[PDB]
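To begin, one chain is listed below as structure tokens, in the form deposited in one PDB entry.
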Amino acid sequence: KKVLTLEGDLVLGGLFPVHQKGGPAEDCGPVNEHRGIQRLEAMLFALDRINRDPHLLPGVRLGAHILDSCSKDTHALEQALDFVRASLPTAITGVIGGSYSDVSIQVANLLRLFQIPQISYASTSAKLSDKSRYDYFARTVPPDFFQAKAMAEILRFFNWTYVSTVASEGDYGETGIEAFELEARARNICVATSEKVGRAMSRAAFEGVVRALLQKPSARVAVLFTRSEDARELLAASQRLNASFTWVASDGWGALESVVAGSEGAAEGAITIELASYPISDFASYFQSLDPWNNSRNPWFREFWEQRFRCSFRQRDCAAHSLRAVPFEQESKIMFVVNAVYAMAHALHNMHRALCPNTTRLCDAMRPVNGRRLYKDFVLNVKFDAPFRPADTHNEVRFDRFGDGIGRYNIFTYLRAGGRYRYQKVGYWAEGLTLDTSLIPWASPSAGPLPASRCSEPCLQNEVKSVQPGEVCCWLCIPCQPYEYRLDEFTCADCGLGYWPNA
């Protein structure tokens, strides 16, 4: 029903789950205070900032046409038609949106048809990377399977070249482990066994996965690209069978305490990753100073207020509440919302430099904006330092050829405490791997050798390597004859007579 509108020379569409799914008779349920209101307000914060920037779009004002998805894909489609009739009211240049992947999938299916570029800030489905279906979709949040590069890198650091994999049934597990296979292959890493897990699976069947993993004793590292329920039930089975693996797990496990519910011994030693975001102070100040009377531009703020504070404007018990009151907790995806808007603004600024080099004002070269040129030539080719990034960081906003966002993950380790059991940040994956070994108990005291996960033990000084043409993880050690010298790692060479090597 309601729509948030802002006038500008160029207008950006927006799609947010301001309300939860309706359910029965109603189309829209209660307000999403964090995933809805706070994300919505991070786009308005961003638009405000760009419009005050003397360098980015100096003479072009950005407006907005923001709609509520109601968390339902069908509802988001009916609303999204406002963007397509506008591109032929007021033309929509791009759409910043799609929270849920179901709503971005359906919206990307409509927008491609009318060539409207779209950048999502929270839609992580791997399905959205299929450019034969969603060819106008790009995103600031990385696809769930991008962490496979950070995972394959963690292995390479510890020289774990022979590992086992466990992946959840579904798009998350399947595409993630497919991405891991490829990244591993590239880093000269082999997969001993590949097992599958499902929620439908019994307590008896999770033990079958542990027994499968135990069939490959040399592969002590188990790489998980599994959902929380799967990772939890796997550790429970590993626990029951006294099976000790060196876990390297995706954000499905991440730093969650619930995944390690009564399976602390099995989990001890794990390496897990989570998607990282930094906070933005300027946003905290902006949001916390919002009130129903001063924030009239957001049509959903009165309903948000009455809900959050349990007040009523009729009962006049609303004006007594504040957002400064409680300490501000910034939602996970805020940074990506701010980046999605800025990516659209940089793409447009770069296009205006190309098609409009005589002014700062908008020309007929951009009246209207060519969607195809905007997406392929400018949106895809953006590289800018992230807005509001911390002082010591070198964070950068860019996309791959499929419009997939380049991400940053934190690396954690599960350890035995004072007794108790906790997660400790051990490193990170920026555009490369960096972690402090001194923070992992199974490396930190020098005590004990590194956990092994090789297919073959190293050859002695007197032996050459024997590999199958192509295959390189597994080898045979072939001892050079007493009279033989080693030319290289794979070749021996006779010295006839009157010649011998430095033994």
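Note that residue numbering follows the sequence shown and begins at 1. Take the two forms, superpose them, and find the largest set of C-alpha atoms that agree within 1.5 Å; that set is the rigid core.
The form solved in complex with a small molecule exists for this protein as well; it is not shown, and the discussion that follows is about that form.
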key: Contacting member of 109, 228, 285, 424, with respect to the small molecule in the deposited bound form [4.5 Å, heavy atom]   = 228
request  = Could you tell me which one of 378, 247, 100, 300 places a heavy atom within 4.5 Å of the small molecule in the deposited bound form?
outcome  = 100
Residue 176 within 4.5 Å of the small molecule in the deposited bound form, heavy atoms = no
message = Can you work out whether residue 35 and the small molecule are in contact in the deposited bound form, taking contact to mean some heavy atom pair no more than 4.5 Å apart?
response = yes
query = Using heavy atoms and a 4.5 Å limit, would one call residue 165 a contact residue for the small molecule in the deposited bound form?
reply = no
query = Do residue 213 and the small molecule come within 4.5 Å of each other in the deposited bound form, heavy atoms counted?
reply = no
remark   = Given 188-196, 202-210, 380-388, 119-127, the stretch touching the small molecule in the deposited bound form at heavy atoms within 4.5 Å is 119-127
key: 39, 172 and 252 all contacting the small molecule in the deposited bound form, non-hydrogen atom within 4.5 Å   = yes
task = Considering only 361, 324, 240, 308, single out the residue whose C-alpha is displaced by at least 2 Å between the shown form and the other one after superposing the rigid core.
result = 240
query = Does the distance between the two CA positions of residue 226 reach 2 Å or more between the shown form and the other one, the core being superposed?
reply = yes
key: Shift of residue 431 between the shown form and the other one at or above 2 Å (CA, core fit)   = yes
task = Establish whether a shift of 2 Å or more occurs at the C-alpha of residue 443 between the shown form and the other one, with the two forms superposed on the rigid core.
result = yes
inquiry  = Knowing the shift is 3 Å or more, I'd like to know if the C-alpha atoms of residue 74 and residue 199 are closer or farther apart in the deposited bound form than in the shown chain.
reply    = closer
ask   = Closer or farther: the CA pair residue 383/residue 149 in the deposited bound form, versus this form, with a change of 3 Å or more?
value = farther
